[PDB]
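Reviewing the structure listed below.
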Amino acid sequence: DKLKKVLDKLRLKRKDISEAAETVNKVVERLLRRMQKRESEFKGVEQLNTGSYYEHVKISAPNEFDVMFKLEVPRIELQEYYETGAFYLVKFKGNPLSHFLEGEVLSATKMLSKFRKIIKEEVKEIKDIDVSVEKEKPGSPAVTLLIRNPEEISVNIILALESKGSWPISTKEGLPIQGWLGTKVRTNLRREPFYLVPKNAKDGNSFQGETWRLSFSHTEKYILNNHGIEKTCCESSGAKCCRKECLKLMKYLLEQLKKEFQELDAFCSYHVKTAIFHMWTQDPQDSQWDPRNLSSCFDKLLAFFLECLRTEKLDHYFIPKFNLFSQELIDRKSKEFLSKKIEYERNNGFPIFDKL
Amino acid sequence: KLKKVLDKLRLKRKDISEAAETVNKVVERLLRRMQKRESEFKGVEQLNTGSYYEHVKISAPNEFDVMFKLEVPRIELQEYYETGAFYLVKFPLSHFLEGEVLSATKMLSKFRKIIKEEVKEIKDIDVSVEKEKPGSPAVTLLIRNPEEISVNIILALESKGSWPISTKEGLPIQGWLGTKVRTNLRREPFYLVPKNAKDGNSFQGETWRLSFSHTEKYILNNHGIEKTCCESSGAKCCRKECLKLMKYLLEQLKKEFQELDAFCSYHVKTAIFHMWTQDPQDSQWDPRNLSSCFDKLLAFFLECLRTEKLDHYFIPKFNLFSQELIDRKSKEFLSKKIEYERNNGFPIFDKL
DNA sequence: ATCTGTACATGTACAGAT
DNA sequence: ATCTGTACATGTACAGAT
DNA sequence: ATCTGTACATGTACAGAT
DNA sequence: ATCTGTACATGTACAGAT
Ligand SMILES: Nc1nc2c(ncn2[C@@H]2O[C@H](COP(=O)(O)OP(=O)(O)OP(=O)(O)O)[C@@H](O)[C@H]2O)c(=O)[nH]1
Ligand SMILES: Nc1nc2c(ncn2[C@@H]2O[C@H](COP(=O)(O)OP(=O)(O)OP(=O)(O)O)[C@@H](O)[C@H]2O)c(=O)[nH]1
Ligand SMILES: Nc1nc2c(ncn2[C@@H]2O[C@H](COP(=O)(O)OP(=O)(O)OP(=O)(O)O)[C@@H](O)[C@H]2O)c(=O)[nH]1
Ligand SMILES: Nc1nc2c(ncn2[C@@H]2O[C@H](COP(=O)(O)OP(=O)(O)OP(=O)(O)O)[C@@H](O)[C@H]2O)c(=O)[nH]1
Ligand SMILES: [Mg+2]
Ligand SMILES: [Mg+2]
Ligand SMILES: [Zn+2]
Ligand SMILES: [Zn+2]
């Protein structure tokens, strides 16, 4: 109860899912077409639907869709950027990517800028949908579309490189799903390709325009939809669990707080997604996520997340040495501020869940 | 106890390597011949199946099952007399047709002639082609490493369509392995093998039988309700050991008594599939409860015998214990001999 | 004449709707 | 509890290309 | 189209620990 | 007696090269 009513509020409506997906699929399909037309450099790119809507943890409204446009790049050499584990330079062995080359090195911002120019041109030609292109955001690997379905919808077209080689060594000790999803699943997932998206920092740091960042959105999608230690978890002949509902409630808490308070700008939903992947590793049994224990299940996730904030440690699930909560990324000011806001909501009935 | 019997049944690492190097030598050479030649089975691929590749072979690595699978599009199927598993096939292979009917006997016999020719050319291994068992879908090789090793080479057609409607209700794993696993498995191809021998009551020679050896192998190696069952970071179960004990009990009874000729290890494999479905939780197969697990398997197999009903796990209407397949007499004999061993501490488990 | 990238045809898990 | 729209994986048809 | 290279599942074999 | 850790061995998926 009580948290069940919040989830009722957060539950997406099928009427809205239809209207939104109808428009979104028309726009995405046309953009994917134009990428294959001509001697375009992005010929061959394939679509991958990712993120919370395709993991079924989108909340409130179907107003934001992530879609990777992924391009296989056969012979590629990687160079780690300053032992960060997550950031790389790409290098190469006629070739469509040549215009973005900078002496062996693939420029991310050069690729993205031409990707984006092509997108904007195609968008000019959509005459039956109110759709434009958001101004570029620092740090975004995406070209974001703003659709007015009347209702506002964002579509993030994420540009990605696809390598089918084995994953970079910095992930060797990531994905610690052995006690939970098991060794066969882990091995099979690491047989899948890995992905590189533009870092696009705009900070002024050296190599800024040529650094890429690993993405595991496809793996995360598989894990969200195959999340139980039992194969029948949340299936029609198995037992429902509350894992996704805890992720929804945590996402909602952060979203509500983030739109009230500018102090929380450095925080994003990927921080809560990473924290709950750790909780799912720490508590692997499906019975540690009984729907009847939704309150304490949510409560123990808060407690884990507060400890991550207090101790300033939230390791990337796929790249253990990459701390999303380091000082270099988020001030202790920000963290103590969110720690107190969460602490407050937790001990006063979650008044922010009733906001708006 | 049963632990001690399981130590006996366990294969030796040295034996596995000595047997497999020889077997792989012959098999690659045979698979090469169907391939690098202008043969009508150009295309076949190797599919290793059965107990050795499922890690439930017992006593010795002395029998190997290999599918040579050949893809065929269109391949319209017609069911044989509502039996479920038996079909005629319709429409390189035109040499084996009759009246738009693909004759299993005619394709097997050329398949067999090919293998015999290639076997005559192997001069580095003592290997011969066993006399054909009429019906049987296999061409069987006998190898004397020095040890005797059978290699059954099973001709199969591979089809990519929806599985035939007689399986629609089979593979009832939804509460054990789940719906996603079942749907994924039924997205795999299905196989037909040239199993014949209906004495001489005709249609005999053009019949094929459905094979699910590929699905069974996936199940054997992905058998828990938890994904970690028998993995290095999960808990061991005793499901496979129970299958081994049951196989050995029938193996030992069949050596003794010719009354049990109609019985085969597949009857045991089918029965334990049903019991794994009845008892899906991994905790119902705890290693510490090996005995009661073996016993409840015994009691289910006896119930199958008593009721004369052991449905094909993939084809529910096909009763492997029908009066037409196994005489009522044979099933009461097997009942009495199993009840005997059970009630006396399994003496046959001691004898050599 | 034959070949094939594109898209339709089929089936079902997920989860919202009634 | 059943009915149902979307997403998605795989099998296959054929208009347009060679 | 074929075949090697790699990674890790699944097994057995045995000493040291429990 | 059983459990545990390391070593030893085959099977099998698939990327990448030719
Ligand atoms: N490695 C890495 N991945 C990120 C990061 N931020 C976002 N992602 C990925 O981006 C995808 C979508 O990002 P978001 O739109 O912000 O959040 P979401 O998962 O779609 O959830 P919603 O906010 O409800 O849309 C996820 O599938 C993540 O895998 C990051 O900082 N590092
Ligand atoms: N598939 C996929 N989508 C991503 C990934 N990273 C980001 N996105 C999407 O792109 C949008 C902006 O990208 P970010 O890099 O996360 O934005 P940012 O500038 O770093 O700022 P914050 O999200 O607050 O950390 C997000 O809302 C996601 O929807 C990724 O790694 N994979
Ligand atoms: N559908 C079906 N499959 C069969 C039948 N008999 C044998 N098989 C299949 O053939 C494979 C090998 O058969 P066998 O060598 O007789 O037995 P096994 O499973 O390998 O076990 P062992 O007796 O120890 O060698 C099995 O995995 C079965 O899938 C049958 O009568 N019907
Ligand atoms: N992989 C695989 N091997 C099979 C299959 N069917 C038969 N075999 C092999 O062929 C051998 C003999 O075939 P059986 O199914 O026993 O048929 P049979 O030899 O005509 O004699 P019966 O058992 O009396 O019907 C088995 O021991 C298996 O090794 C199958 O469907 N898949
Ligand atoms: Mg989303
Ligand atoms: Mg066998
Ligand atoms: Zn669940
Ligand atoms: Zn197990």
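The figures that follow rest on heavy atoms only: side chains count, while hydrogens, waters and symmetry mates do not. Convention: sequence-line order gives letters A, B, ...; per-chain numbering from 1.
Contact check for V24(A) versus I153(A): side-chain heavy atoms found under the 4.5 Å cut-off. For the pair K236(B) and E241(B), the minimum side-chain heavy-atom distance is below 4.5 Å. Contact annotation: the side chain of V67(A) never approaches that of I158(A) to less than 4.5 Å [non-hydrogen atoms, C-beta and beyond].
Heavy atoms from other residues, nucleotides or ligands lying under 6.0 Å from NZ of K14(B) number more than 12. No more than 12 heavy atoms of other residues, nucleotides or ligands lie within 6.0 Å of CD in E169(B), so this atom counts as exposed by the packing criterion.
Nearest heavy-atom pair across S40(A) and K37(A) is CB-O, 3.3 Å. Contact between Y87(B) and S166(B) at its shortest, heavy atoms only, is OH-OG, 3.0 Å. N49(A) and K221(A) make their closest contact through O-NZ, 2.7 Å (heavy atoms, listed as atom of the first residue, atom of the second, distance).
Using the sign of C1'-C2'-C3'-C4' as the criterion, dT12(F) falls on the south side of the pucker cycle. From the dihedral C1'-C2'-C3'-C4', which is negative here, one reads the pucker of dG11(D) as south, toward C2'-endo. Here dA9(E) has a north sugar; its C1'-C2'-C3'-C4' angle has a plus sign.
Rounded to whole Å, atom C1' of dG5(C) lies 13 Å from atom CZ of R33(A).
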Within the sub-3.5 Å range, which N or O atoms of nucleotides 8-11 of chain F have a protein N or O partner, and how far apart are they?
| unit_1 | atom_1 | unit_2 | atom_2 | d |
| --- | --- | --- | --- | --- |
| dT10(F) | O3' | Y52(B) | OH | 3.3 |
| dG11(F) | OP1 | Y52(B) | OH | 2.8 |
| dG11(F) | OP2 | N24(B) | ND2 | 3.0 |

Are there any protein N/O atoms within less than 3.5 Å of an N/O atom in nucleotides 1-3 of chain C, and if so, which ones and at what distance?
none

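Toward the 5' end of DNA chain E, the nearer of the two residues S166(A) and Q35(B), judged by each one's closest nucleotide, is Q35(B). Toward the 5' end of DNA chain E, the nearer of the two residues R10(B) and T187(A), judged by each one's closest nucleotide, is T187(A). Residue whose closest nucleotide on DNA chain C sits further toward the 5' end, between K43(A) and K244(A): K43(A).
Under a 3.5 Å cut-off, the side chain of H223(B) and the backbone N or O of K240(B) do not form any donor-acceptor pair.
Contacts with DNA chain E (heavy atom under 4.0 Å) in residues 173-185 of chain A: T183(A), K184(A), listed by number.
Using bins of under 30°, 30° to 60° and over 60° for the plane-to-plane angle, the ring pair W167(A)/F216(A) lands in the tilted bin.
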- [ ] Kindly determine whether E77(A) and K91(A) satisfy salt bridge (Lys or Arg N to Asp or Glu O under 4.0 Å), including the steps that lead there.
- [x] CA-CA 5 Å; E77(A) 202 131 333; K91(A) 293 153 147 73; over 6 Å; no
- [ ] Apply side-chain contact (heavy atoms from CB on, under 4.5 Å) to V27(A) and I147(A), showing your working.
- [x] CA-CA 9 Å; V27(A) 167; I147(A) 292 165; 4.2 Å; yes
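Counting any heavy atom pair closer than 4.0 Å across all strands shown, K12(B) reaches sugar-phosphate atoms only and no base atom.
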Task: Protein proximity profile, nucleotides 12-18 of chain D - base contact B, sugar-phosphate-only contact S, no contact -, cut-off 4.0 Å on heavy atoms - done: -------
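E148(B) and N62(B) share no donor-acceptor pair across their side chains, judged by distance under 3.5 Å alone. Between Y191(B) and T49(B), the side chains place no donor N or O within less than 3.5 Å of an acceptor N or O (distance only, hydrogens not considered).
No option in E192(A), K184(A), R186(A), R191(A) other than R191(A) meets the side chain to side chain donor-acceptor pair (under 3.5 Å) test with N188(A).
Of the P atoms belonging to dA13(F) and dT10(D), the separation is 15 Å, rounded to the nearest Å.
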Task: Paired and unpaired positions of DNA chain D as dot-bracket, Watson-Crick or G-U wobble under 3.5 Å, | denoting a partner strand - done: ||||||||||||||||||
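Not counting sequence neighbours, the partners of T171(A) by the side-chain hydrogen bond (donor to acceptor under 3.5 Å, both in side chains) test are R190(A).
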